[PDB]
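Inspection log for the structure reproduced underneath, given as structure tokens.
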Amino acid sequence: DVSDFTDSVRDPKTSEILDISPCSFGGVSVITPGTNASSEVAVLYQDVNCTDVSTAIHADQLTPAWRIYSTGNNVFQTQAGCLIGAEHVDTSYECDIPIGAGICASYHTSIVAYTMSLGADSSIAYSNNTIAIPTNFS
Amino acid sequence: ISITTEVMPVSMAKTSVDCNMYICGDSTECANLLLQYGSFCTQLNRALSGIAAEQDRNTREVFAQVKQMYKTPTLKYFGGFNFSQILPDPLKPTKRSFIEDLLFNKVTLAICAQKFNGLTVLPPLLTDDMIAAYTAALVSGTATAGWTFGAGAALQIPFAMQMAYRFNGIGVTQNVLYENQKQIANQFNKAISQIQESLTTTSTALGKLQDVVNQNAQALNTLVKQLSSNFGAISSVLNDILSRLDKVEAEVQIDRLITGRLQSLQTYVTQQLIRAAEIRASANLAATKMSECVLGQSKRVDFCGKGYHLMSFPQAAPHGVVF
Amino acid sequence: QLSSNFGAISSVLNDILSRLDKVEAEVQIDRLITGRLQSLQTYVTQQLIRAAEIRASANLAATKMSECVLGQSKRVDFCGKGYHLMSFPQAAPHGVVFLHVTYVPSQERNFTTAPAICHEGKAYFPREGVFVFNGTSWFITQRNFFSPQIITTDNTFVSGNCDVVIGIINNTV
Amino acid sequence: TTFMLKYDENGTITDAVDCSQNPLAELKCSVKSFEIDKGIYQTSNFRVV
Ligand SMILES: *[C@@H]1O[C@H](CO)[C@@H](O)[C@H](O)[C@H]1NC(C)=O
Ligand SMILES: *[C@@H]1O[C@H](CO)[C@@H](O)[C@H](O)[C@H]1NC(C)=O
Ligand SMILES: *[C@@H]1O[C@H](CO)[C@@H](O)[C@H](O)[C@H]1NC(C)=O
Ligand SMILES: *[C@@H]1O[C@H](CO)[C@@H](O)[C@H](O)[C@H]1NC(C)=O
Ligand SMILES: *[C@@H]1O[C@H](CO)[C@@H](O)[C@H](O)[C@H]1NC(C)=O
Ligand SMILES: *[C@@H]1O[C@H](CO)[C@@H](O)[C@H](O)[C@H]1NC(C)=O
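Those protein sequence lines, which keep their order, are chains A, H, V and C. Using the deposited numbering, the letters of the first sequence correspond one by one to residues 554 to 662, 673 to 701. Using the deposited numbering, the letters of the second sequence correspond one by one to residues 702 to 811, 832 to 1044. Using the deposited numbering, the letters of the third sequence correspond one by one to residues 947 to 1119. Using the deposited numbering, the letters of the fourth sequence correspond one by one to residues 260 to 308.
Following this line, the structure appears as structure tokens:
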């Protein structure tokens, strides 16, 4: 390829050409509610496919192999990696802990992952003959 | 009436490196020799993560200044002034505006797949849709919702009394606007059209955002290119010198490659720290312009505009803002 | 990093000089000298970069004390969050803290306005306020606080004739 | 395995943390503490052997 690595190869068994990918590596980050309110944690495998890293945990093929660990069918895809241990929700909040592209995790009521809430939805009554003037201050 | 453009970077790409996959491939002995050097991989990881967190702080400081997301009026014709081409188009699929679409096409770059390097790029916290949403609330709150904005709350001015209130702030009387409203409105619309034409059919007007992208790419290309060179060893490639070199005459050829690759990595991280400080000084300036030019009327000379400042509008751009 | 070997036999001096006495010790010491020289140079460079970031903050604090504390700023959001009024400095460990006093309007009310008034074929414009209908009369008031003042020849000025304006309202003066 | 042993002023080992039992245990051995503030902390890398 352009980086002068080995992008492909031709089998010497009189066959066609294949590709080569760098297996699957990355990083892991642990989300914690603070150790003063809970002991459960969620794990983020950065830049991976949940399907690929969910079967790998099944065949015991991870170098950081934690003895007492399991995935309770809470796998979430996001875009910043694969998230395990936090359940998806559809109720936006103020992003206690940031994750990836518009995804955040908070404790509330187990760890829950949601989408950022930019602000309060408000509307302004625009007319061409009306003005608003304050009457009090602080 | 005149309209001028100003381009400011506010952020850059977030990178991270795998200190063990870069220095060594899939070799156990190379890892063992690396542990002798102590805490160097951890320092580099922490330094790069500090920069990465800072990029998200830059963007939030510039764009997330309004605590309320005002809805687009759906009228976009206030007095005589045509505010379309700045606000989003309801029937269009994209959530951006016409001029913002022009900006996103012009600044061109240099589902999950990895590279053997060990390098990667993380995604920004705020998506392009969220950033584009913010600039719509600022524009819609400026046309409607009165000048009273920020220091207080929206106060519902008809926008024929803004320009009269903003003409009064440069040393002319209010009757100058009212008697010449049609002429002033016409010149406003023409000025925006020329901005459209210049953006659509120009070559290089966003060089500041371009320089940010090109400098980042050159730094990463150099880091990769250093992997393909020995540093006084038999060869750069491992397992090709690590096999037919006994098991103790190869421990000194590996230490040559390892020492060379640490320096290439350390040099890269040091320069990212100096570059990040330059972006931070630029993101701070753009935050002051968003507060003193958009949310107010500025009396500093040559700060916001070129002549006597009337008002300003923010438009989003890739890793930057346009006023 | 002092308790870290760099490829040498031992990470502590007096334990290579005790078990070696000649060039054999020189070859090990050179490995330690090189390693300890790099970690010391890396420390100094990172301090230079940090020192520059804190000089930029000390320059901004010096501008705030001159503009917010010794005067009254007209810049938006530079001192506080409302309409800057005053400011006080307070010392803090390796830093400073400012107490900004600002003005915040709170209530709000609806009125009907106009750009001008037609009395005798001539247009009267306001000087330093807006026209508010109230509901029973026509007054002129300041934009930041509500205080209706009866219209008069000292409040407005005559500009132009009663033709080119979008929305004049006929009223006495 | 790797352990994180706590020493008392009297000089005797009091507690310990096993840095391979839980994801949380790995976090403790990385920041060198027993209580940790809320947030997200990056830890060692992972490979699919
Ligand atoms: C303004 O508000 C304060 C406290 O809310 C109140 O005591 C005062 O009477 C108000 N003034 C007016 C004119 O309503
Ligand atoms: C405002 O500008 C847009 C952009 O070309 C145009 O389509 C529209 O007709 C204009 N509005 C009016 C009222 O002319
Ligand atoms: C994960 O892999 C499946 C099939 O292997 C594919 O359909 C999906 O798009 C992948 N997701 C990624 C790469 O994020
Ligand atoms: C003024 O009128 C608008 C439009 O109905 C309304 O939204 C607003 O609440 C009114 N103001 C007050 C103080 O009632
Ligand atoms: C406001 O709109 C009404 C509705 O047509 C119109 O009669 C009036 O003249 C407008 N006022 C101004 C100042 O344009
Ligand atoms: C340490 O020793 C002293 C006396 O030897 C004892 O009182 C104390 O409880 C021990 N543990 C401490 C101080 O944590």
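For every residue, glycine included, the Cβ atom is placed at its ideal position computed from N, Cα and C.
Query	Result
Uninterrupted beta strand (DSSP E) stretches inside the region 595–643 of chain A (no shorter than 3 residues)	595–598 and 635–637
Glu268/C: CB within 8 angstroms of a non-hydrogen atom of ligand 6	yes
beta-carbon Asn910/H near ligand 2 non-hydrogen atom, thresh 8 angstroms	yes
heavy atom of ligand 5 below 8 angstroms from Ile694/A C-beta	no
Three-state secondary structure (DSSP) of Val1042/V	strand
9 angstroms Cβ cutoff, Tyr689/A in contact with chain H	yes
Where the beta strand (DSSP E) through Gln877/H begins and ends	Where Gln877/H is concerned, there is no enclosing beta strand (DSSP E), given that its DSSP letter is neither H nor E.
Contact the region 959–972 of chain V vs the region 885–905 of chain H: 3+ CB pairs below 8 angstroms	no
Continuous beta strand (DSSP E) assignments of at least 3 residues falling wholly in the region 272–297 of chain C	272–277
Proximity test, Cβ basis, 9 angstroms: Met882/H and chain V	yes
Supposed contact pair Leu788/H and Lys777/H - C-beta distance, whole angstroms, cut 8 angstroms	6 angstroms
Contacts of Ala683/A in chain V (Cβ-Cβ under 7 angstroms)	Chain V residues near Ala683/A: none, gap ~17 angstroms exceeds 7 angstroms.
Which listed residue (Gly587/A, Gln599/A and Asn589/A) has its alpha carbon closest to that of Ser717/H	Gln599/A
Residues with C-beta closer than 5 angstroms to any heavy atom of ligand 4, in chain order	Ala688/A and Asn1056/V
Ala676/A: first and last residue of the uninterrupted beta strand (DSSP E) it sits in	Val675 to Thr678
Cross-strand partners of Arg563/A (DSSP beta bridge)	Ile570/A
Beta carbon proximity, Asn746/H to chain C, threshold 9 angstroms	yes
Beta-carbon gap between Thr678/A and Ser645/A smaller than 9 angstroms	yes
From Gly1106/V, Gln1053/V, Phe1079/V and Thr1058/V, residue whose alpha carbon lies closest to that of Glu1066/V	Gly1106/V
Given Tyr1029/H as reference, the closest of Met884/H, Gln902/H and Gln917/H once Cα atoms are compared	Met884/H
Same chain, Cβ closer than 8 angstroms to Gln902/H, neighbours up to 5 away in sequence not counted	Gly780, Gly781 and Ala881
Contact set between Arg1055/V and chain A, taken where Cβ atoms lie within less than 9 angstroms	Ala695, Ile696, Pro697 and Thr698
Residues sharing a beta bridge with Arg306/C, DSSP	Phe578/A
As assigned by DSSP and simplified to three states, the class of residue 1144/V	Not covered by the structure: residue 1144/V. The range shown for chain V is 947 to 1119.
C-beta neighbour in chain V for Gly862/H, strict 9 angstroms	no
Close-in-space but distant-in-sequence residues of the same chain around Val290/C (CB under 6 angstroms, 5 per side omitted)	none
Short-range partners of chain C found in the region 566–595 of chain A, where Cβ spacing is below 9 angstroms	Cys576, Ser577, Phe578, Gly579, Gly580, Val581, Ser582, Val583, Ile584, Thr585, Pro586, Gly587, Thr588, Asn589, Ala590, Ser592, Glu593, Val594 and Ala595
Sequence-distant residues of the same chain with beta carbon closer than 8 angstroms to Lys1027/H, five excluded per side	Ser703 and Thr705
Contacting residues, own chain, Cβ-Cβ under 8 angstroms from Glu1013/V (five flanking each side not counted)	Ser1019, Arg1021, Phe1024 and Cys1025
Reduced DSSP category for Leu735/H - H, G, I as helix; E, B as strand; rest coil	helix
Neighbour flag for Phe952/V against chain A, beta carbons, 9 angstroms	no
Unbroken beta strand (DSSP E) run spanning residue 903/V, endpoints	Nothing about residue 903/V can be reported from this structure: the residues present for chain V run from 947 to 1119 only.
Proximity test, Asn699/A beta-carbon vs ligand 1 heavy atom, cut-off 8 angstroms	yes
Near ligand 5: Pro845/H beta-carbon under 8 angstroms from a heavy atom	no
Distance, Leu615/A Cα to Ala609/A Cα	7 angstroms
Min CB distance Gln301/C to chain H below 9 angstroms	yes
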